[PDB]
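Contents: one structure, followed by commentary.
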Amino acid sequence: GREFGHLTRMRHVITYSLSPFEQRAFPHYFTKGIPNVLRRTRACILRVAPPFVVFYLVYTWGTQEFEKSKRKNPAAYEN
Amino acid sequence: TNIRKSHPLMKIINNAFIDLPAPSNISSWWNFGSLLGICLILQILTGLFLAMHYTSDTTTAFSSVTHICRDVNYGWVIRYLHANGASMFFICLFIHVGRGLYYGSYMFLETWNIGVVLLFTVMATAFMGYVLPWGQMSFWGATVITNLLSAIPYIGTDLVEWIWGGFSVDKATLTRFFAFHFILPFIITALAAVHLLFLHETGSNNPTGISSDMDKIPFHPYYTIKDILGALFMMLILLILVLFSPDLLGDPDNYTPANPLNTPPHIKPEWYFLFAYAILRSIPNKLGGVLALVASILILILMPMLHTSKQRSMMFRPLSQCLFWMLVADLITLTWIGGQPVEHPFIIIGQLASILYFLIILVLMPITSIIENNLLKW
Amino acid sequence: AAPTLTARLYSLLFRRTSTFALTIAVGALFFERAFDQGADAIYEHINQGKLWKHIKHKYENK
Amino acid sequence: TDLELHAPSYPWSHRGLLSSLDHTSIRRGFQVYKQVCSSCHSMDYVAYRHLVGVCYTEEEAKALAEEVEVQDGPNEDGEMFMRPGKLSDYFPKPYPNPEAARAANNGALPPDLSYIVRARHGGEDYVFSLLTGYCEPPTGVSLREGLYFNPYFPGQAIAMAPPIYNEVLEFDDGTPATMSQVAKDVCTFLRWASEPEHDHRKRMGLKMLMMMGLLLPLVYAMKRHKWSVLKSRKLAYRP
Amino acid sequence: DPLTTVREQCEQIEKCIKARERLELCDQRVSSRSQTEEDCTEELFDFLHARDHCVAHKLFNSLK
Ligand code: HEC
Ligand code: HEM
Ligand code: HEM
Ligand SMILES: Cc1cc(C)c2nc(SCc3c(C)cccc3-n3nnn(C)c3=O)sc2c1
Ligand SMILES: Cc1cc(C)c2nc(SCc3c(C)cccc3-n3nnn(C)c3=O)sc2c1
């Protein structure tokens, strides 16, 4: 029901484009690419990283109170 | 005559895959729908090979699986494709559901509700197949489910002595486990066709949440080449597991044959059932355990009416994104706890994380979206 | 404006689209000639004196 | 039931991503199977046919199946008769039924060895540390009438006498048959017995990794060619 | 024979004499009172862990 000549109504916008054979394959790869992924990462990590830092501190405490109870008892084996 | 537009079969292919209008800013999180369809076809063809040499009898079930890995030609590669292809299915399925939850795709109501049905049917299928080899996890996995399935108040004990053939454990026992496991993947296929028929009425969502009818591109060639590339990158990772570490995800205890006499040192399911197992063992009851296991998949169907934000996706909502990855880091906690023994530190951590899974979805998320509406003045 | 050697095959065969879909068949040849020189020979070189056909000359002396 | 001792990691020569099994250490490990065990342990899934091209030729394999005669089935003008090995025979079992096996071995049943490294949490690191880890009981523990102290076994008390010591057998290679040499060879054999596809597995994994190294960077360049139309587009708005 | 060589040379390390110290410090203390449930199967494990970690790094050179 929704094909290309029936989607919206749009006025006064213009598009310019080049052929794929008139373009070189890598305009930039490492001079554009490295600073763009360094700011996409700065925007991410203070939303994503702090929940996984709290799982790490629970894993480290939980696998340290199991070993102190599975018979590491020198002074907890008194008459 | 354009024959792509006038032939009765070629019209359907052209409207569904070639001339389909698609958003231009679709990410690679939208790759995992066709990856799920590749993983389903792979499990069907490989499973139809194993079913010509398997024997469903509790005296010769374990011995017919060792025979195909040693005697039948290319039986060892096809068996470990099947076991590792099922882990591949469940990792793509959890990415797929988490995508639709973060971007707000559950607003396609008929597409979301067929999806929650498909999630139950693949979880029940994978349970039946892990009973069929009959080692010491197929035994102590089957009995833990079916004494938990005798705690249904009025028809419970009627249903437990139906699936074993009527007896306790015998030859005719795994004919019913095998016949369910044969049939359910072909119903999953029919439900996935209806799934895409309802999505064809609106087209796709996009990472901004905003409608994109002024910026469509055709599906061919832009997403036919992007989906082929993601499928090749998935067949690479699967074969790294089959050919360089085929026993990494399994357990060694399933290479001992089932014995009601001997004793297994621990009870550990597959990694993708370990989160549900941790919610079970936190409820000291056997009716309230099977209820809270079924309510952890069925809470997905309340996501359309719990939505109180003015915007559709989480791209522009920074407080809802801290709660989304608190929920992912809580399903990692429940996977670790489900593979630990039941002693003191892992018993309070396990039940304080079963509470947090329901407190985030039902209470903390709808209140946080209202605070965000008020800081933007709607 | 001396260009680089891109257009070896743009004009003759890969223009009529014939050899574009034929290179899966016509172009199926001589790379299982060329990659025994790889994988097989790298395999017996990492494992030297450890395989059967290395050591089988001892009991094969009839 | 307090804490376990977990086996250390040894540098086996098949612990690489492309490293094969040593096929002379398999050959010396079958002979420690067939002179030291084979008497308390079974190996139900391996036949004499499985050793042709691995550590023996076909002759040297018929002539080893000859060495024990077997109990064939019924025929007319006779009985269930007897006959030497046919090279299609599995390795001959060592206890009439499961019940004789208990009384011959202090109530404990000795396990089948066809899947033993695959069915242990630690593999051949566990089997090596078991056979060379027998020691004396510490002061405080007592044991039963026939029951021995082994610290790397679930609950130190094993119902198994130490089965290998110095010069238990003689290898037909001139290799000195000390205690550590013979334990190293029944870990290599019994890794082959569990995983007989080990070497074929790692050689298909290299013929996949370099015929994907042709196919992947060239579907990626086809993708980047189509999408450059959209990545270079410019937009203007003129109301 | 190569094992008894290696196992003795690595038994004089700052972790394995430090474990032998507490071991016979407690070995002497169990046998006195004859109604006691105290073992030292613990104490043996701290020594065998420290020792067997160093045997594995050195033993496979001397074999085959
Ligand atoms: C004459 C008796 C006897 C011989 C010979 C013997 N064993 Fe054992 N072994 C046993 C008994 C009995 C058990 C069961 C132990 C138990 O349950 O305590 C056992 C168990 C084992 C186990 C399993 C331990 C576990 O965790 O289940 C391994 C591995 C093993 N033996 C290795 C060997 C190897 C390798 C050889 C010879 C090359 C060997 N054994 C020879 C008596 C023997
Ligand atoms: C075997 C199972 C499934 C298959 C084969 C499958 C297949 C697909 C495919 C091919 C798409 C279109 C492409 C894409 O966006 O990735 C899609 C979209 C979608 N699926 Fe699934 N799916 C399955 C399970 C599920 C589940 C379990 C859910 C949710 C509970 C779900 C919900 C959705 C939604 C909401 C969309 C539209 C998303 C959007 O456009 O933003 N599906 N599915
Ligand atoms: C969504 C599809 C499927 C999933 C997730 C799935 C999952 C599984 C799993 C996890 C096992 C246990 C294997 C092991 O760990 O050893 C198994 C076994 C088995 N499956 Fe499947 N399966 C699927 C489809 C099928 C189909 C369609 C068939 C048959 C037509 C099939 C036939 C078998 C057989 C015969 C076995 C027993 C042999 C063996 O254990 O290897 N499977 N399946
Ligand atoms: C390689 C390959 C081939 C095929 C044939 C293929 N087919 C699909 S399903 C197309 C679809 C339908 C039918 C209906 C509604 C929406 C979408 N759709 N829209 N966007 N995306 C990402 C979608 O999948 S993926 C895929 C990948
Ligand atoms: C919807 C649904 C249905 C079922 C039936 C279900 N069952 C589980 S846990 C089963 C289990 C146990 C308790 C112990 C050992 C092994 C296995 N087990 N069985 N199959 N697989 C792949 C396993 O890991 S969650 C779940 C969710």
Side-chain angles (χ1 to χ4, degrees), chain D residues 1-15 22-29 124-126 128-143 149-153 155-157 164-167 171 173-185 187-188, chain E:
Chain D
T1 1
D2 11 80
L3 34 140
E4 256 87 76
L5 207 61
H6 304 101
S9 183
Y10 292 95
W12 306 89
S13 74
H14 49 256
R15 205 184 268 267
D22 190 17
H23 287 80
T24 66
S25 187
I26 298 178
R27 188 170 215 262
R28 301 195 295 271
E124 66 267 11
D125 277 357
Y126 173 71
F128 194 83
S129 296
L130 194 81
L131 303 169
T132 78
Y134 269 103
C135 75
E136 61 98 28
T139 64
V141 309
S142 70
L143 294 174
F149 184 80
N150 202 353
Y152 290 92
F153 175 88
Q156 303 86 351
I164 58 168
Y165 47 89
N166 287 317
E167 295 206 309
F171 291 118
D173 285 328
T175 317
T178 177
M179 182 179 174
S180 276
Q181 178 69 42
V182 299
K184 190 257 185 182
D185 291 328
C187 291
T188 305
Chain E
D1 224 354
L3 177 62
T4 57
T5 314
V6 170
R7 182 176 286 175
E8 198 272 331
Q9 190 268 334
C10 76
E11 233 175 11
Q12 288 107 227
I13 304 299
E14 343 290 285
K15 292 180 71 68
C16 309
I17 351 170
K18 292 286 183 68
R20 200 56 190 258
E21 282 179 351
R22 18 167 126 213
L23 178 44
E24 334 255 4
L25 259 288
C26 81
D27 211 324
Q28 61 181 358
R29 195 211 352 135
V30 191
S31 10
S32 2
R33 309 185 71 178
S34 0
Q35 293 177 335
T36 242
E37 300 241 343
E38 222 225 344
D39 293 335
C40 68
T41 244
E42 181 206 294
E43 251 81 10
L44 188 48
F45 288 164
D46 292 330
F47 168 72
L48 296 181
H49 187 241
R51 179 183 60 73
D52 280 291
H53 185 210
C54 297
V55 182
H57 285 228
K58 298 282 103 178
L59 189 84
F60 268 49
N61 298 44
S62 308
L63 305 171
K64 72 97 182 176

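Computed over heavy atoms, backbone and side chain alike; hydrogens, waters and symmetry mates excluded. In the text below, chain A, chain B and the rest are named by the order of the sequence lines, each starting its count at 1.
- Atom CD of E:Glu37 sits in a sparse spot, with 12 or fewer heavy atoms from other residues, nucleotides or ligands closer than 6.0 Å.
- Taking all atoms of both residues into account, the shortest heavy-atom contact from E:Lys64 to D:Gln181 is N-OE1, 3.1 Å.
- Interface check for chain E: of the options D:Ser129, D:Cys135, D:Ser180, the most heavy-atom pairs under 4.5 Å are formed by D:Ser180.
- Proximity of D:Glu4 to E:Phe45: side-chain heavy atoms (C-beta onward) are nowhere separated by under 4.5 Å.
- Contact record, E:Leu44 with D:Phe149: CD2-CE2, 3.9 Å, taken as the closest heavy-atom pair.
- Heavy atoms of E:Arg7 lying under 4.5 Å from chain D belong exclusively to its side chain.
- Minimum interatomic distance between D:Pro11 and E:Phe60 (heavy atoms only, all atoms of both residues): O-CD2, 3.7 Å.
- Counting heavy atoms from C-beta outward, D:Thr139 and E:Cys40 have side chains that approach closer than 4.5 Å.
- Shown here for D:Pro8 and E:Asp52, the closest heavy-atom pair between the two residues is CG-O, 3.6 Å.
- Counted within 6.0 Å of CD on E:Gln9, heavy atoms from surrounding residues, nucleotides or ligands total 12 or fewer; the atom is thus considered open.
- Taking a 6.0 Å sphere around CD of D:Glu167, one finds it holds 12 or fewer heavy atoms contributed by other residues, nucleotides or ligands.
- Among E:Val30, E:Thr36, E:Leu63, E:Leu23, the residue making the largest number of heavy-atom pairs under 4.5 Å with chain D is E:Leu63.
- When all heavy atoms are compared, the tightest approach of E:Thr41 to D:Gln156 is CG2-NE2, 3.4 Å.
- In this structure, the side chains of E:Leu48 and D:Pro151 come closer than 4.5 Å at one or more pairs of heavy atoms.
- The number of heavy atoms from other shown groups lying within 6.0 Å of CZ (E:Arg51) is above 12.
- Both the backbone and the side chain of D:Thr132 come within contact range of chain E, each with at least one heavy atom under 4.5 Å from a heavy atom of that chain.
- A pairwise comparison of heavy atoms in E:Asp1 and D:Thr178 identifies N-OG1, 2.8 Å as the closest pair.
- For E:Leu59, the part lying near chain D is the side chain, with the backbone staying farther off; criterion is any non-hydrogen pair under 4.5 Å.
- Atom CD of E:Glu42 and atom CG of D:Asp2 lie 9.0 Å apart (nearest 0.5 Å).
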